[PDB]
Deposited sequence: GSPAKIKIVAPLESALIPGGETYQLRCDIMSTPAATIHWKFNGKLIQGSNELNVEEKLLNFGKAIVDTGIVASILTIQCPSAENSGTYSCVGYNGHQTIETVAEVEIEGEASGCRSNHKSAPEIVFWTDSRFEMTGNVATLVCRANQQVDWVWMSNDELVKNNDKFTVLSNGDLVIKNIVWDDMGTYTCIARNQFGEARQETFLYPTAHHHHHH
């Protein structure tokens, strides 16, 4: 049965102007959820789009698809225009949830040519042995992606596909695939990294 729950909520805050600020939320969901953010009710990051491709790849299978997704919203140079209500919204195709906070800027040399950031990722994905699973990372711009596992490059082959959007798609998962997969987003100025985690559950 589908389920969704806040794991790490937003909290309201009076923050200094002109100092970089970051919000984080984490949501548990089955099937996999996406997160988008709103400011005073208006969409500012992310979308409601879901992993339709993996659902096709798991045609005919009993699917576990559960885990925690995380997202971060960065305000580079907070000013009075950034004061208001921030919402982190989760959606899994069946249910929604949200966590909300009021952020107020207090106070008035704040800065381009910077590394990307990874703003949404699979903190954990559980899926049954024998199915396809996806580890998701999304950046704040178009990027070049590389994935690592066990300190080695993940190469594209019959089992692993690295997509241009930041997904790593792993077919026919087995217990030996359990562990951490690091997504690395690069542009011409530098890189951002994030860890994701896969758990292939037992198939009885």
Where are the gaps relative to the deposited sequence? 1 to 2, 111 to 112, 116 to 117, 211 to 214
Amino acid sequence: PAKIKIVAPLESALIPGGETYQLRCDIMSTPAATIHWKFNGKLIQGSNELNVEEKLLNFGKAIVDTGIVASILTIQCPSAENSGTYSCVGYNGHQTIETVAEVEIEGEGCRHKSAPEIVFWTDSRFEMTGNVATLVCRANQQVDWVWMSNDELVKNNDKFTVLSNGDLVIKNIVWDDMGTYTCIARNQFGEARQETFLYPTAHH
From here on, numbers count along this sequence of modelled residues.
Average Cα temperature factor in the PDB entry - higher stretch of 193 to 201, 1 to 9: 1 to 9
Would you tell me which stretch averages the higher CA B-factor in the PDB entry, 40 to 48 or 63 to 71? 40 to 48
If you compare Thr122, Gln76, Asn131, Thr99, which has the highest Cα B-factor in the entry? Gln76
Rank-wise, by C-alpha B-factor, drop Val143 into the lowest, middle or highest third of its chain. highest
Thinking about Cα B factors across the chain, which third does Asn92 belong to? lowest
Relative to the other modelled residues in the chain, which third contains the C-alpha temperature factor of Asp158: lowest, middle or highest? highest
Taking the values exactly as deposited, rank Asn165 by C-alpha B-factor within its chain and report the matching third: lowest, middle or highest. middle
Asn150: CA B-factor among chain residues, third -> highest
